[PDB]
Amino acid sequence: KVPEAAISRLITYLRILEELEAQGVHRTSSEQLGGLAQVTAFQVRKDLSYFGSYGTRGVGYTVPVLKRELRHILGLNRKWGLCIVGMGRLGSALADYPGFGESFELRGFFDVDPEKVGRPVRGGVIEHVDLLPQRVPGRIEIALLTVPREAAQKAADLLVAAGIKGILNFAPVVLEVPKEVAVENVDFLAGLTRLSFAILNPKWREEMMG
Amino acid sequence: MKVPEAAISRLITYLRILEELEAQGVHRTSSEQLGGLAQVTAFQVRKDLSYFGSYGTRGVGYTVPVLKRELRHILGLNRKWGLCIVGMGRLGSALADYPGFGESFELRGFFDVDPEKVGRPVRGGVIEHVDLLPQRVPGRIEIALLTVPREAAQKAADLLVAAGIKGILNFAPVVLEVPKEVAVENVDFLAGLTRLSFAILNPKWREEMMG
Ligand SMILES: NC(=O)c1ccc[n+]([C@@H]2O[C@H](COP(=O)([O-])OP(=O)(O)OC[C@H]3O[C@@H](n4cnc5c(N)ncnc54)[C@H](O)[C@@H]3O)[C@@H](O)[C@H]2O)c1
Ligand SMILES: NC(=O)c1ccc[n+]([C@@H]2O[C@H](COP(=O)([O-])OP(=O)(O)OC[C@H]3O[C@@H](n4cnc5c(N)ncnc54)[C@H](O)[C@@H]3O)[C@@H](O)[C@H]2O)c1
Ligand SMILES: [Cl-]
């Protein structure tokens, strides 16, 4: 059970903590945090406790300490090895996308099409998907799955067999994998829907909900 | 730096849940069951659905198909929106073939500036030059999927605003400048990475038994 909204909130707090530290703030109250995140101080205290970081009432959280805890629980203090499986149009575009950060490093690009295998790409070369078992163990923990839906489950079974630990699934299907293998499905439909709502209600803001 | 607006995201979550509860033959549900499946307190569910008018009375719960139709109306999904893709490169072309838009969103235009792309056939049409926006958008296309390189994003957006776009789903890694009259949502396909690292390191997160 992955608390998606809570996590997105933690990442927000982390980003705020990074700036607070840069600005020379050693301790920050749930009030200051909520103010910057635009969330109730009560909610901030709740999220932090929800994740194990309890407050020091009237004193505030120690910025560098809290920042470190958030980085640790989120796994951002590690260097994760990733690969893209399915170097088609979406997969190739992702290989060039500059949003991975230092915590996530692409170390493999795979495909089943021999016309693509051998093609150089940013930071590597496309290898045949049949090499997963020779490339994943001890090097790649997360795979970006960008193959057509018709082959997604099969590609996932191969990833699982090769030792993958997590799959960022772009194919529009629900994958079946052992419980030990994490999977997150990505889509832009929620964003499209938020646009839909916003276009129909241009002046609405959630604060109106109180 | 602020947490993005979440209320609408919660409604979208409830709708996914309801779609699956409905798939499971479930005909009736509760704020408690919904709250659990969406990982939000029963209280938050009631407060949300009350505010948007789908709440009945304390204890009556909800009728899955009724509530689903209501959430769809509120979200604007019972409408058919016209979309376009601006920037028919790799991501843009993948999007033109994405099979999950559904009935609510219908692609009606594909634009680029590359003469080698313009005139090329694609699912449902042909790639046209971005200069055609002013004569293609009005009354036919309300939402634009922006998939041009970062460096060209703002000016592409300016052109969209000028042509009459109402909303932009921005995939370019940059913050756009647009009048408050035009809604904007930025996509981040890599947001899930941190949810996976979290999941991989906390495999039994909050379970009844983690040992
Ligand atoms: N989640 C989203 O928002 C989103 C938006 C874009 C597209 N889609 C999905 O992204 C996926 C890729 O779309 P695309 O337009 O790039 O498709 P594509 O046809 O351009 O590319 C798919 C690539 O997968 C490779 N492939 C097929 N089977 C394979 C296997 N078993 N192992 C390894 N590689 C294999 C092909 O050779 C090809 O290069 C599809 O499932 C598509 O529907 C999702
Ligand atoms: N949000 C995400 O998760 C995500 C992941 C994929 C890539 N990216 C972004 O998606 C965008 C597209 O990436 P790509 O790999 O497909 O790029 P690409 O270079 O393959 O294609 C870009 C296309 O934009 C067209 N273009 C340039 N200026 C234009 C203009 N003014 N009007 C219309 N078309 C124009 C080009 O002619 C080209 O066909 C980039 O900004 C990239 O960083 C985002
Ligand atoms: Cl989202």
# chains A, B, ... in the order shown; residues from 1 in each chain; ligands from 1
$ residues_around --residues "residue 170 (chain A)" --least-positions-apart "5" --cutoff "10 Å" --atoms "only C-alpha atoms" --output "PyMOL selection string"
(chain A and resi 90-91+144-149+152+184-187) or (chain B and resi 189)
$ interface_residues --of "chain B" --to "chain A" --cutoff "7 Å" --atoms "only C-alpha atoms" --output "ChimeraX atom specification"
/B:1-3,5,7-9,12,39,51,75-76,90-91,94,166-167,169,181,183-185,187,189,192-194,196-201,203,205
$ write_last_selection --atoms "C-alpha atoms" --output "mmCIF file, in the first residue's frame"
data_model
loop_
_atom_site.group_PDB
_atom_site.id
_atom_site.type_symbol
_atom_site.label_atom_id
_atom_site.label_comp_id
_atom_site.auth_asym_id
_atom_site.auth_seq_id
_atom_site.Cartn_x
_atom_site.Cartn_y
_atom_site.Cartn_z
ATOM 1 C CA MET B 1 7.193 25.029 -3.918
ATOM 2 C CA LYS B 2 3.650 24.597 -2.537
ATOM 3 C CA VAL B 3 1.805 21.257 -2.544
ATOM 4 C CA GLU B 5 -4.046 21.407 -5.419
ATOM 5 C CA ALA B 7 -8.990 17.944 -3.980
ATOM 6 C CA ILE B 8 -9.563 17.245 -7.659
ATOM 7 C CA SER B 9 -6.891 14.510 -7.560
ATOM 8 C CA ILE B 12 -10.140 11.342 -9.661
ATOM 9 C CA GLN B 39 -5.985 5.921 1.631
ATOM 10 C CA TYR B 51 -18.918 19.753 -0.818
ATOM 11 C CA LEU B 75 -14.816 16.424 -13.494
ATOM 12 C CA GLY B 76 -16.114 17.244 -16.966
ATOM 13 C CA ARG B 90 9.021 10.877 -30.410
ATOM 14 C CA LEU B 91 6.847 11.613 -27.350
ATOM 15 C CA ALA B 94 3.692 7.925 -29.046
ATOM 16 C CA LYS B 166 -8.223 26.715 -22.988
ATOM 17 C CA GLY B 167 -5.790 24.359 -21.314
ATOM 18 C CA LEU B 169 -1.035 19.590 -20.613
ATOM 19 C CA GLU B 181 -7.513 32.326 -18.166
ATOM 20 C CA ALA B 183 -5.269 26.277 -17.281
ATOM 21 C CA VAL B 184 -1.929 24.462 -17.185
ATOM 22 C CA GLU B 185 -0.880 21.062 -15.813
ATOM 23 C CA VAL B 187 3.399 16.165 -16.504
ATOM 24 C CA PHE B 189 6.512 10.773 -16.007
ATOM 25 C CA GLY B 192 6.824 7.394 -9.847
ATOM 26 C CA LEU B 193 10.521 6.610 -9.371
ATOM 27 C CA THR B 194 10.481 7.866 -5.795
ATOM 28 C CA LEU B 196 9.245 2.772 -6.260
ATOM 29 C CA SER B 197 12.392 3.485 -4.252
ATOM 30 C CA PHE B 198 10.130 4.005 -1.239
ATOM 31 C CA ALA B 199 8.286 0.762 -1.987
ATOM 32 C CA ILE B 200 11.470 -1.258 -2.547
ATOM 33 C CA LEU B 201 12.954 -0.074 0.767
ATOM 34 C CA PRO B 203 8.172 -3.583 1.265
ATOM 35 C CA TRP B 205 4.871 -0.525 4.797
#
$ atom_distance --atom1 "CA of residue 96 (chain A)" --atom2 "CA of residue 18 (chain A)"
26.5 Å
$ closest_atom_pairs --of "chain B" --to "ligand 2" --cutoff "6 Å" --atoms "only C-alpha atoms and all ligand atoms" --output "CSV"
residue,atom,partner,partner_atom_place_in_ligand_line,distance
B:86,CA,ligand 2,33 (C),4.9
B:87,CA,ligand 2,34 (N),3.5
B:88,CA,ligand 2,39 (O),4.6
B:89,CA,ligand 2,21 (O),3.2
B:90,CA,ligand 2,16 (O),3.6
B:91,CA,ligand 2,16 (O),3.6
B:92,CA,ligand 2,16 (O),5.6
B:111,CA,ligand 2,33 (C),5.5
B:112,CA,ligand 2,34 (N),3.4
B:113,CA,ligand 2,34 (N),4.9
B:114,CA,ligand 2,37 (O),4.5
B:130,CA,ligand 2,33 (C),5.4
B:147,CA,ligand 2,11 (C),4.1
B:148,CA,ligand 2,24 (O),3.8
B:149,CA,ligand 2,41 (O),3.5
B:150,CA,ligand 2,41 (O),4.4
B:152,CA,ligand 2,28 (N),5.2
B:156,CA,ligand 2,31 (N),4.6
B:171,CA,ligand 2,1 (N),3.8
B:172,CA,ligand 2,41 (O),3.5
B:173,CA,ligand 2,43 (O),5.6
B:187,CA,ligand 2,1 (N),4.5
B:188,CA,ligand 2,3 (O),4.0
B:189,CA,ligand 2,3 (O),3.3
B:190,CA,ligand 2,3 (O),5.7
$ atom_distance --atom1 "CA of residue 28 (chain A)" --atom2 "CA of residue 62 (chain A)"
6.6 Å
$ residues_around --residues "region 46-50 of chain B" --least-positions-apart "6" --cutoff "9 Å" --atoms "only C-alpha atoms" --output "VMD selection string"
(chain A and resid 209) or (chain B and resid 7 10 to 11 31 to 32 35 56 58 71)
$ write_last_selection --atoms "N, CA and C atoms" --output "PDB file, in the first residue's frame"
ATOM      1  N   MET A 209     -13.087  24.969  -0.135  1.00  0.00           N
ATOM      2  CA  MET A 209     -13.659  23.817   0.565  1.00  0.00           C
ATOM      3  C   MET A 209     -13.495  23.939   2.081  1.00  0.00           C
TER       4      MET A 209
ATOM      5  N   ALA B   7      -7.583  18.326  -4.018  1.00  0.00           N
ATOM      6  CA  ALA B   7      -8.990  17.944  -3.980  1.00  0.00           C
ATOM      7  C   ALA B   7      -9.451  17.273  -5.253  1.00  0.00           C
ATOM      8  N   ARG B  10      -8.099  13.841  -5.544  1.00  0.00           N
ATOM      9  CA  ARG B  10      -8.835  12.886  -4.718  1.00  0.00           C
ATOM     10  C   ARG B  10     -10.107  12.403  -5.436  1.00  0.00           C
ATOM     11  N   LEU B  11     -10.832  13.324  -6.061  1.00  0.00           N
ATOM     12  CA  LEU B  11     -12.043  12.936  -6.772  1.00  0.00           C
ATOM     13  C   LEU B  11     -11.699  11.939  -7.882  1.00  0.00           C
ATOM     14  N   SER B  31     -18.283   5.573   2.719  1.00  0.00           N
ATOM     15  CA  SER B  31     -17.211   6.547   2.832  1.00  0.00           C
ATOM     16  C   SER B  31     -16.010   5.864   3.461  1.00  0.00           C
ATOM     17  N   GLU B  32     -16.287   4.862   4.288  1.00  0.00           N
ATOM     18  CA  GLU B  32     -15.230   4.132   4.960  1.00  0.00           C
ATOM     19  C   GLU B  32     -14.505   3.230   3.966  1.00  0.00           C
ATOM     20  N   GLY B  35     -12.696   5.525   1.609  1.00  0.00           N
ATOM     21  CA  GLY B  35     -11.572   6.136   2.289  1.00  0.00           C
ATOM     22  C   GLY B  35     -10.389   5.201   2.395  1.00  0.00           C
ATOM     23  N   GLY B  56     -25.354  11.814   0.510  1.00  0.00           N
ATOM     24  CA  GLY B  56     -26.773  11.691   0.805  1.00  0.00           C
ATOM     25  C   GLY B  56     -27.073  12.048   2.250  1.00  0.00           C
ATOM     26  N   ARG B  58     -25.826  10.721   6.558  1.00  0.00           N
ATOM     27  CA  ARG B  58     -24.963   9.907   7.404  1.00  0.00           C
ATOM     28  C   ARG B  58     -25.410   8.439   7.472  1.00  0.00           C
ATOM     29  N   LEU B  71     -19.363  11.977 -10.218  1.00  0.00           N
ATOM     30  CA  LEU B  71     -17.966  12.410 -10.260  1.00  0.00           C
ATOM     31  C   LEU B  71     -17.556  12.726 -11.697  1.00  0.00           C
TER      32      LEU B  71
END
$ residues_around --residues "residue 117 (chain A)" --least-positions-apart "2" --cutoff "6 Å" --atoms "only C-alpha atoms" --output "PyMOL selection string"
chain A and resi 114-115+119+126-128
$ select_by_dssp --residues "region 42-186 of chain B" --states "strand (DSSP E)" --output "MDAnalysis selection string"
chainID B and resid 62:63 81:86 105:112 121:122 125:126 128:129 143:146 167:170 183:186
$ write_last_selection --atoms "N, CA, C and O atoms" --output "CSV table (one decimal), in the first residue's frame"
chain,number,residue,atom,x,y,z
B,62,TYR,N,-23.1,5.1,-0.5
B,62,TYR,CA,-23.3,5.6,-1.9
B,62,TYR,C,-23.6,4.4,-2.8
B,62,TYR,O,-23.3,3.3,-2.6
B,63,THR,N,-24.2,4.8,-3.9
B,63,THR,CA,-24.6,3.8,-4.9
B,63,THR,C,-23.5,4.0,-6.0
B,63,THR,O,-23.4,5.0,-6.6
B,81,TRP,N,-14.0,16.4,-25.0
B,81,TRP,CA,-13.1,17.5,-25.3
B,81,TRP,C,-12.2,17.2,-26.5
B,81,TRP,O,-11.8,16.1,-26.8
B,82,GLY,N,-12.0,18.3,-27.2
B,82,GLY,CA,-11.1,18.2,-28.4
B,82,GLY,C,-9.7,18.5,-28.0
B,82,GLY,O,-9.4,19.5,-27.4
B,83,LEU,N,-8.8,17.6,-28.4
B,83,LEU,CA,-7.4,17.8,-28.0
B,83,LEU,C,-6.5,17.9,-29.3
B,83,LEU,O,-6.9,17.6,-30.4
B,84,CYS,N,-5.3,18.3,-29.1
B,84,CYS,CA,-4.3,18.4,-30.1
B,84,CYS,C,-2.9,18.1,-29.5
B,84,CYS,O,-2.7,18.3,-28.3
B,85,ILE,N,-2.0,17.7,-30.3
B,85,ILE,CA,-0.6,17.5,-29.9
B,85,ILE,C,0.2,18.5,-30.6
B,85,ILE,O,0.1,18.6,-31.9
B,86,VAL,N,1.0,19.3,-29.9
B,86,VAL,CA,1.9,20.2,-30.6
B,86,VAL,C,3.3,19.7,-30.3
B,86,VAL,O,3.8,19.7,-29.2
B,105,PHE,N,-11.8,12.4,-24.1
B,105,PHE,CA,-10.8,13.2,-24.8
B,105,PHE,C,-10.6,12.7,-26.2
B,105,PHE,O,-10.2,11.5,-26.4
B,106,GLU,N,-10.8,13.6,-27.2
B,106,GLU,CA,-10.6,13.2,-28.6
B,106,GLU,C,-9.6,14.0,-29.3
B,106,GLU,O,-9.8,15.2,-29.4
B,107,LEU,N,-8.6,13.4,-29.9
B,107,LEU,CA,-7.5,14.1,-30.6
B,107,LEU,C,-8.0,14.6,-31.9
B,107,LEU,O,-8.5,13.8,-32.7
B,108,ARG,N,-7.9,15.9,-32.2
B,108,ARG,CA,-8.4,16.5,-33.4
B,108,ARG,C,-7.4,17.3,-34.2
B,108,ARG,O,-7.7,18.0,-35.1
B,109,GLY,N,-6.1,17.2,-33.8
B,109,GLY,CA,-5.1,18.0,-34.5
B,109,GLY,C,-3.7,17.6,-34.0
B,109,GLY,O,-3.5,17.3,-32.9
B,110,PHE,N,-2.8,17.6,-35.0
B,110,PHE,CA,-1.4,17.2,-34.8
B,110,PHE,C,-0.5,18.3,-35.5
B,110,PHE,O,-0.6,18.5,-36.7
B,111,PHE,N,0.4,18.9,-34.7
B,111,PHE,CA,1.2,20.0,-35.3
B,111,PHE,C,2.7,19.9,-35.0
B,111,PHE,O,3.1,19.5,-33.9
B,112,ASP,N,3.5,20.4,-35.9
B,112,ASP,CA,4.9,20.4,-35.8
B,112,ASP,C,5.4,21.6,-36.7
B,112,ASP,O,4.6,22.2,-37.3
B,121,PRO,N,1.1,11.2,-42.3
B,121,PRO,CA,-0.1,10.6,-41.8
B,121,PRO,C,0.1,10.1,-40.4
B,121,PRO,O,1.1,9.6,-40.0
B,122,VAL,N,-1.0,10.2,-39.6
B,122,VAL,CA,-1.0,9.7,-38.2
B,122,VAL,C,-2.4,9.2,-37.8
B,122,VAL,O,-3.4,9.5,-38.6
B,125,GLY,N,-5.5,11.4,-38.7
B,125,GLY,CA,-5.3,12.6,-39.4
B,125,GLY,C,-3.9,12.8,-40.1
B,125,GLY,O,-3.3,11.8,-40.4
B,126,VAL,N,-3.5,14.0,-40.3
B,126,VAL,CA,-2.2,14.3,-40.9
B,126,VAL,C,-1.6,15.4,-40.1
B,126,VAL,O,-2.3,16.3,-39.6
B,128,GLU,N,-0.1,18.8,-39.3
B,128,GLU,CA,-0.2,20.1,-40.0
B,128,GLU,C,0.8,21.0,-39.4
B,128,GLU,O,1.4,20.8,-38.3
B,129,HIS,N,1.1,22.2,-40.0
B,129,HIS,CA,2.1,23.1,-39.6
B,129,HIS,C,1.5,23.9,-38.4
B,129,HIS,O,0.3,24.2,-38.4
B,143,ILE,N,-8.0,21.6,-25.4
B,143,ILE,CA,-6.8,21.2,-24.7
B,143,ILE,C,-5.6,20.8,-25.6
B,143,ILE,O,-5.8,20.1,-26.6
B,144,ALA,N,-4.4,21.3,-25.3
B,144,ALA,CA,-3.2,21.0,-26.1
B,144,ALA,C,-2.2,20.2,-25.3
B,144,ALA,O,-1.9,20.6,-24.2
B,145,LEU,N,-1.7,19.2,-25.9
B,145,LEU,CA,-0.6,18.4,-25.3
B,145,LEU,C,0.7,18.9,-25.8
B,145,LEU,O,1.0,18.8,-27.0
B,146,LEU,N,1.5,19.6,-25.0
B,146,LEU,CA,2.7,20.3,-25.4
B,146,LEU,C,3.9,19.4,-25.3
B,146,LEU,O,4.4,19.1,-24.2
B,167,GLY,N,-6.7,25.0,-22.3
B,167,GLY,CA,-5.8,24.4,-21.3
B,167,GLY,C,-4.6,23.7,-22.0
B,167,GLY,O,-4.7,23.3,-23.2
B,168,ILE,N,-3.5,23.6,-21.3
B,168,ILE,CA,-2.3,22.9,-21.8
B,168,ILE,C,-1.8,21.9,-20.9
B,168,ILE,O,-1.5,22.2,-19.7
B,169,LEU,N,-1.6,20.7,-21.4
B,169,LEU,CA,-1.0,19.6,-20.6
B,169,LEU,C,0.4,19.7,-21.1
B,169,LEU,O,0.8,19.2,-22.2
B,170,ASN,N,1.3,20.2,-20.2
B,170,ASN,CA,2.7,20.5,-20.5
B,170,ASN,C,3.6,19.4,-20.2
B,170,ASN,O,3.8,19.1,-19.0
B,183,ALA,N,-5.7,27.2,-18.3
B,183,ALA,CA,-5.3,26.3,-17.3
B,183,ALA,C,-4.0,25.5,-17.8
B,183,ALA,O,-3.8,25.3,-19.0
B,184,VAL,N,-3.2,25.2,-16.8
B,184,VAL,CA,-1.9,24.5,-17.2
B,184,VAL,C,-1.6,23.4,-16.1
B,184,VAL,O,-1.7,23.6,-14.9
B,185,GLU,N,-1.3,22.2,-16.6
B,185,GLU,CA,-0.9,21.1,-15.8
B,185,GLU,C,0.4,20.5,-16.4
B,185,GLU,O,0.4,20.2,-17.6
B,186,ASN,N,1.4,20.4,-15.6
B,186,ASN,CA,2.7,19.9,-16.0
B,186,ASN,C,2.8,18.4,-15.7
B,186,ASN,O,2.4,17.9,-14.7
$ atom_distance --atom1 "atom 38 (C, counted along the ligand's line) of ligand 1" --atom2 "CA of residue 139 (chain A)"
23.2 Å
$ residues_around --residues "region 14-21 of chain B" --least-positions-apart "2" --cutoff "8 Å" --atoms "only C-alpha atoms" --output "PyMOL selection string"
chain B and resi 10-12+23-27+34+37-38+64-65+68+71-72
$ closest_residue --among "B:22, B:96, B:6, B:70" --to "ligand 1" --atoms "only C-alpha atoms and all ligand atoms"
B:96
$ residues_around --residues "residue 177 (chain B)" --least-positions-apart "4" --cutoff "9 Å" --atoms "only C-alpha atoms" --output "MDAnalysis selection string"
chainID B and resid 154 157:158
$ select_by_dssp --residues "chain A" --states "alpha helix (DSSP H)" --output "compact mmCIF listing (two decimals) with C-alpha atoms, in the first residue's frame"
# COMPACT_ATOMS: atom_id res chain seq x y z
CA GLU A 4 0.84 8.28 -3.13
CA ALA A 5 -0.50 11.64 -1.97
CA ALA A 6 1.49 11.44 1.25
CA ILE A 7 4.70 10.73 -0.64
CA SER A 8 4.14 13.60 -3.04
CA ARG A 9 3.67 15.71 0.06
CA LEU A 10 6.93 14.42 1.62
CA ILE A 11 8.83 15.31 -1.53
CA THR A 12 7.36 18.79 -1.27
CA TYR A 13 8.50 19.06 2.36
CA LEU A 14 11.99 17.82 1.35
CA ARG A 15 12.28 20.48 -1.37
CA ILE A 16 11.15 23.11 1.16
CA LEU A 17 13.66 21.81 3.70
CA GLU A 18 16.42 22.03 1.14
CA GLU A 19 15.67 25.72 0.52
CA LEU A 20 15.21 26.48 4.23
CA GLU A 21 18.64 25.01 4.93
CA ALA A 22 20.14 27.01 2.04
CA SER A 30 5.10 22.77 11.43
CA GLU A 31 3.65 26.25 11.01
CA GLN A 32 6.54 27.52 8.88
CA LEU A 33 6.49 24.30 6.85
CA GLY A 34 2.74 24.36 6.28
CA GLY A 35 3.07 28.03 5.32
CA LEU A 36 5.64 27.23 2.61
CA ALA A 37 3.84 24.07 1.45
CA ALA A 41 0.55 22.96 10.16
CA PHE A 42 -1.61 20.17 11.56
CA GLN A 43 -1.34 18.23 8.28
CA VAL A 44 2.46 18.62 8.19
CA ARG A 45 2.78 17.28 11.76
CA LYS A 46 0.48 14.44 10.77
CA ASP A 47 2.40 13.46 7.63
CA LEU A 48 5.75 13.57 9.39
CA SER A 49 4.47 11.41 12.29
CA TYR A 50 2.78 9.13 9.72
CA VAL A 63 16.13 21.09 9.32
CA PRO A 64 19.20 19.05 8.33
CA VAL A 65 18.06 16.14 10.51
CA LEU A 66 14.50 16.04 9.08
CA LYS A 67 15.88 16.51 5.54
CA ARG A 68 18.14 13.51 6.05
CA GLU A 69 15.28 11.34 7.40
CA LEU A 70 13.06 12.20 4.45
CA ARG A 71 15.88 11.44 2.02
CA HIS A 72 16.47 8.12 3.77
CA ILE A 73 12.88 6.88 3.88
CA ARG A 89 9.26 6.30 -29.37
CA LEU A 90 8.40 6.74 -25.67
CA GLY A 91 11.39 4.77 -24.47
CA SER A 92 13.83 6.72 -26.67
CA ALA A 93 12.31 10.03 -25.57
CA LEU A 94 12.74 9.03 -21.92
CA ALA A 95 16.42 8.15 -22.45
CA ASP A 96 17.00 11.84 -23.36
CA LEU A 132 18.46 -9.00 -19.11
CA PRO A 133 19.67 -11.89 -16.96
CA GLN A 134 23.26 -11.06 -17.83
CA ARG A 135 22.76 -7.33 -17.11
CA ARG A 149 0.65 -3.59 -23.95
CA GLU A 150 0.53 -6.78 -25.97
CA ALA A 151 3.97 -7.72 -24.62
CA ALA A 152 4.02 -5.94 -21.25
CA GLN A 153 3.24 -8.91 -19.04
CA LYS A 154 5.81 -11.01 -20.88
CA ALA A 155 8.46 -8.30 -20.59
CA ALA A 156 7.63 -8.00 -16.88
CA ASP A 157 7.98 -11.77 -16.32
CA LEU A 158 11.43 -11.52 -17.98
CA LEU A 159 12.35 -8.53 -15.77
CA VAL A 160 11.19 -10.36 -12.63
CA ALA A 161 13.16 -13.45 -13.75
CA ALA A 162 16.24 -11.27 -14.33
CA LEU A 189 -5.09 11.05 -17.48
CA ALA A 190 -5.29 12.57 -14.01
CA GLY A 191 -3.56 15.68 -15.33
CA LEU A 192 -5.96 15.83 -18.29
CA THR A 193 -8.88 15.51 -15.90
CA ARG A 194 -7.60 18.25 -13.60
CA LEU A 195 -7.39 20.44 -16.77
CA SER A 196 -10.96 19.50 -17.65
CA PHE A 197 -12.17 20.52 -14.22
CA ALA A 198 -10.15 23.75 -14.25
CA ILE A 199 -11.43 24.84 -17.67
CA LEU A 200 -15.02 24.38 -16.46
